[PDB]
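What the sequence shown shows, in PDB author numbering, is residues 3 to 246, 254 to 494, in sequence order.
Note that CB positions come from ideal geometry on N, CA and C, so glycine has one too.
The structure appears below as structure tokens.
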Amino acid sequence: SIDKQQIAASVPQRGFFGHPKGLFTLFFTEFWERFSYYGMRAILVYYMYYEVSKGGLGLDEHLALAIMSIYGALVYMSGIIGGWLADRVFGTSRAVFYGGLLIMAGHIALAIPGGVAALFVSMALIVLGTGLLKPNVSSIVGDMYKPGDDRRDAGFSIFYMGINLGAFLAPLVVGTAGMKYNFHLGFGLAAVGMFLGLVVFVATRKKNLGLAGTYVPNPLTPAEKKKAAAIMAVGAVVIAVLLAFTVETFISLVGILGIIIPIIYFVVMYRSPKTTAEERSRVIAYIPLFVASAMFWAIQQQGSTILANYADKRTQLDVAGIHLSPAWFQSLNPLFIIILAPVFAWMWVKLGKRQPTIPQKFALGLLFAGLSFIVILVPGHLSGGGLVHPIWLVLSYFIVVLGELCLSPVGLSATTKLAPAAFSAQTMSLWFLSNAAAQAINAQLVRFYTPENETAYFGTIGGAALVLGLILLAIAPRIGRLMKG
Ligand SMILES: C[C@H](N)C(=O)N[C@@H](C)P(=O)(O)O
């Protein structure tokens, strides 16, 4: 490990809009990675269930939707593994580099002529690569700022703007390309983009980042190097013999992992000898806040799967002479975030002390989440049948964003405020954990998504979210009071 002062001194503190020129390197690296990921994700589900003569792979729609919901859960969970690998063996700079190579290799598999075997390989590479790159790239950006640097939060804000920007642009590029022209072409522009990210990183990291993340923060002790490699080796031999299990089996496995693991985390924390009587109570108080998070993300993440299908199957795409591409509907979430975020930010300041508490804001997200589904089921219920106006789907995304800007910004804060001191490091994973768990559950509910019980589907899920939101409101007083401030 190297002290932050010496590291920061090797980073050119001027260059990119009043920030280090290494921010340019880290903004665009993450941007293009996000770009490729969201672009590839924008057309992936269609590529799976579209018939083979329409360029697709010709899988069952429920299977395709289940894979998508599982994908995110694996990606989210992968960051925890890669975060450990960077911190304990690689270093953030090197781990970002490796992830970039794997991710790109994943897109190449998709872009070249192939079938479902290529799709499964591509998933593994991207999951593994994102787990290395995504959590570690933001870590390097902190290494550029010296202890006391006021610009830090502004630099981070610029960095996160790259995520949303990629999420907005990508479907309007890869989607328009992949859908209208060729599916392998859309997957091709993802690889090209990710390549640019690698090129900008590898070429400009020697000058712009310097000693940033090139060190191993918490290396393995000699004896620990053996055990870790042994387990990895043992695990590698154990998994291979079991290999010698359908895709739906793997799905069920992830689905139950998305339930067991959260239960495991809570019991471990609550029963920890390193905790105090007060810290354990806060852990209990964190439970409904975790459940509410999962319920929210369950509805939120379905926007890239269920509603992606709804746009492909249940929506009037021909409006005003122009034929819309269904993947373009994925641009709606980040677009509203970009727009409404400063509006919400101004609101919370305008409110001041009269603003709702953190637990109260969790319920607000829950109300809007369930409400978005209530709206989304209405037009298909009113009409006798056929396609519905895209204004309904658009309005559905808009409402879910309102719920997001309420819950998401205080998500990490609520976790840190309630997590024990001995578990201060697992604090970001725990927040990311509620999101993955929702998507592992999301995949199990896909079988319920038929054109028949469509109303029952949206109504039950949305109804449950509304019910839970009202419950959380009731216990919001006691929960807010327990927070460490
Ligand atoms: C694409 C959309 N703007 C988005 O980033 N959604 C996040 C919740 P995801 O990256 O986890 O899918």
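Identify the residues that DSSP records as bridge partners of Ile-331: which are they?
Looking up residue 331 in the sequence shown gives position 322. Answer is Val-328, bridged to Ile-331.
What first and last residue would you give for the alpha helix (DSSP H) that runs through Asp-145?
Locating residue 145 in the sequence shown gives position 143, where the first residue counts as 1. Counting along the chain, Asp-145 falls outside any alpha helix (DSSP H), and DSSP gives it neither H nor E.
Considering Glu-288, what are the terminal residues of the alpha helix (DSSP H) in which it resides?
Taking the first residue of the sequence shown as position 1, residue 288 is located at position 279. Following the DSSP letters along the chain, one finds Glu-288 inside the alpha helix (DSSP H) bounded by residues 286-310.
For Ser-313, verify whether its CB is less than 7 Å away from any heavy atom of ligand 1.
Here residue 313 is taken as the residue at index 304 of the sequence shown, counted from 1. Yes, since a heavy atom of ligand 1 falls inside the 7 Å radius drawn around the Cβ of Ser-313.
Residues in the same chain with beta-carbon distance under 8 Å from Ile-450, minus the five sequence neighbours each way, listed in chain order, please.
As a first step, residue 450 must be located in the sequence shown, where it is residue number 441. Hits under 8 Å: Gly-264, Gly-267, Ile-268, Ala-303 and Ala-307.
With respect to 7 Å, is the separation between the Cβ of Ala-169 and the closest non-hydrogen atom of ligand 1 below this value?
To locate residue 169, count along the sequence shown from 1; it is residue 167. Yes.
Sub-8 Å separation of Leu-87 and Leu-134 beta-carbons
Your numbering for residue 87 matches position 85 in the sequence shown. Your numbering for residue 134 matches position 132 in the sequence shown. A contact, by the Cβ cut-off of 8 Å.
Which of helix, strand or coil DSSP assigns to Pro-22:
In the sequence shown, the residue the question calls residue 22 occupies position 20. When DSSP states are grouped into helix, strand and coil, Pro-22 belongs to the strand group.
In this structure, how does DSSP classify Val-175 when only helix, strand and coil are distinguished?
As a working note, residue 175 is residue 173 in the sequence shown. The three-state reading of DSSP puts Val-175 in coil, since its state is none of H, G, I, E or B.
The segment 365-378 / the segment 467-483 touching (three or more Cβ pairs under 8 Å):
In the pairwise beta carbon analysis, the segment 365-378 is classified as touching the segment 467-483: at least three pairs are separated by under 8 Å.
Three-state secondary structure (DSSP) at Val-201?
Position 199 of the sequence shown, counted from the first residue, corresponds to residue 201. Residue state, collapsed to three classes: helix.
If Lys-6 sits next to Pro-14, beta carbons under 8 Å apart, how far is it from one beta carbon to the other, in whole angstroms?
Against the sequence shown, residue 6 aligns to sequence position 4. Against the sequence shown, residue 14 aligns to sequence position 12. Contact doesn't hold; Cβ gap of about 16 Å is too wide.
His-109 lies in the alpha helix (DSSP H); which residues open and close that run?
Here residue 109 corresponds to residue number 107 of the sequence shown, with the count starting at 1. Note, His-109: alpha helix (DSSP H), 94-113.
Could you tell me which residues DSSP pairs with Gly-17 in its beta bridges?
Taking the sequence shown and counting its residues from 1, one reaches residue 17 at position 15. Residue pairing for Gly-17: DSSP places it in a beta bridge opposite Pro-22.
Measuring straight from C-alpha to C-alpha, what distance separates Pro-343 and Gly-330?
Mapped onto the sequence shown, residue 343 falls at position 334. Mapped onto the sequence shown, residue 330 falls at position 321. Note on geometry: alpha-carbon atoms of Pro-343 and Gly-330 lie some 26 Å from one another.
As a quick exercise: from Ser-433, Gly-93 and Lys-362, pick the residue whose alpha carbon is nearest that of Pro-219.
Taking the sequence shown and counting its residues from 1, the one referred to as residue 219 is at position 217. Ranking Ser-433, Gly-93 and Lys-362 by Cα distance to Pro-219 puts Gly-93 first.
Distance CB(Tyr-48)-CB(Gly-58) smaller than 8 Å:
Looking up residue 48 in the sequence shown gives position 46. Looking up residue 58 in the sequence shown gives position 56. Taking 8 Å as the Cβ cut-off, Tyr-48 and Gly-58 qualify as a contacting pair.
My output table needs one value for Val-218: the three-state DSSP class, helix, strand or coil.
Start at 1 with the first residue of the sequence shown, and residue 218 comes out as number 216. Looking at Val-218 - three-state DSSP - the assignment turns out to be coil, as it is neither helix nor strand.
Just tell me which of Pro-460, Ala-68, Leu-416 and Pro-368 has its CA closest to the CA of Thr-324.
In the sequence shown, the residue the question calls residue 324 occupies position 315. If we check each option's Cα against that of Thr-324, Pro-460 comes out closest.
Compare the Cα-Cα distances from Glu-63 to each of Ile-488, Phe-467, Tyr-458 and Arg-487 and report the closest residue.
Residue 63 sits at position 61 when you count from the first residue of the sequence shown. Minimum Cα distance to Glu-63 is reached at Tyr-458.
Quick check: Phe-158 and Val-143, are their CB atoms within less than 8 Å of each other?
Mapped onto the sequence shown, residue 158 falls at position 156. Mapped onto the sequence shown, residue 143 falls at position 141. Yes, Cβ-Cβ distance for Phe-158 and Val-143 is below 8 Å.
Going by DSSP, what residues sit across from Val-397 in a beta bridge?
Sequence index remark: in the sequence shown, residue 397 carries index 388 (1-based). The partner list for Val-397 (beta bridge, DSSP) reads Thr-324.
Less than 8 Å between the beta carbons of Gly-379 and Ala-474, yes or no?
Locating residue 379 in the sequence shown gives position 370, counting from the first residue. Locating residue 474 in the sequence shown gives position 465, counting from the first residue. Contact: yes.
Flag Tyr-295 as yes when its Cβ comes closer than 7 Å to any non-hydrogen atom of ligand 1, and as no otherwise.
The residue labelled residue 295 in the question sits at position 286 within the sequence shown. In this structure, ligand 1 has no non-hydrogen atom nearer than 7 Å to the beta-carbon of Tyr-295.
Do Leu-127 and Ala-111 have their C-beta atoms closer together than 8 Å?
Reading the sequence shown from its first residue, position 125 is the one you call residue 127. Reading the sequence shown from its first residue, position 109 is the one you call residue 111. Yes, the pair counts as a contact, with Cβ atoms nearer than the cut-off.
Do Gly-74 and ligand 1 come close, with the Cβ less than 7 Å from some heavy atom?
Working through the sequence shown from its first residue, we reach residue 74 at position 72. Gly-74: yes, Cβ under 7 Å from ligand 1.
Using the C-alpha atoms, what's the distance from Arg-291 back to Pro-173?
Position 171 of the sequence shown, counted from the start, is the residue given in the question as residue 173. Position 282 of the sequence shown, counted from the start, is the residue given in the question as residue 291. Put simply, the backbone Cα of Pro-173 is about 41 Å away from that of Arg-291.
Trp-355, enclosing alpha helix (DSSP H) - first and last residue:
Taking the first residue of the sequence shown as position 1, residue 355 is located at position 346. Residue range 341-360 is occupied by the alpha helix (DSSP H) that includes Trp-355.
Helix, strand or coil: which one does DSSP assign to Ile-484?
Mapped onto the sequence shown, residue 484 falls at position 475. Secondary structure of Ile-484 (DSSP, three-state): helix.
Could you compute how far the alpha carbon of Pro-149 sits from the alpha carbon of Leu-213?
Within the sequence shown, residue 149 is the residue found at index 147, counting from 1. Within the sequence shown, residue 213 is the residue found at index 211, counting from 1. Those two C-alpha atoms are separated by around 16 Å.
Put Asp-152 into one of helix, strand or coil per three-state DSSP.
If you number the sequence shown from 1, residue 152 lands on position 150. Correct three-state label for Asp-152: coil.
Using a 10 Å radius around the Cβ and a threshold of 16 neighbouring Cβ atoms, would you call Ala-434 buried or exposed?
Here residue 434 is taken as the residue at index 425 of the sequence shown, counted from 1. Counting the other CB atoms within 10 Å of its CB gives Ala-434 a total below 16, which places it among the exposed residues.
Between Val-204 and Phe-99, is the Cβ-Cβ spacing less than 8 Å?
The count along the sequence shown starts at 1 and reaches residue 204 at position 202. The count along the sequence shown starts at 1 and reaches residue 99 at position 97. Result yes, Cβ atoms of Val-204 and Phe-99 sit closer than 8 Å.
Buried/exposed call for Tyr-183, threshold 16 Cβ in 10 Å:
Position 181 of the sequence shown, counted from the start, is the residue given in the question as residue 183. By the neighbour-count rule (16 or more Cβ atoms within 10 Å), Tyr-183 is not buried but exposed.
Going along the chain, which residues of its own chain have a beta-carbon closer than 7 Å to the beta-carbon of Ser-95, five neighbours each way excluded?
To locate residue 95, count along the sequence shown from 1; it is residue 93. Counting only Cβ-Cβ distances below 7 Å, and skipping sequence neighbours, we find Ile-142, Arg-207, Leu-211, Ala-214, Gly-215 and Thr-216.
Alpha-carbon spacing of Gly-237 relative to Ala-11, whole angstroms
Residue 237 sits at position 235 when you count from the first residue of the sequence shown. Residue 11 sits at position 9 when you count from the first residue of the sequence shown. Near 42 Å, if we compare the C-alpha coordinates of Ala-11 and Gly-237.
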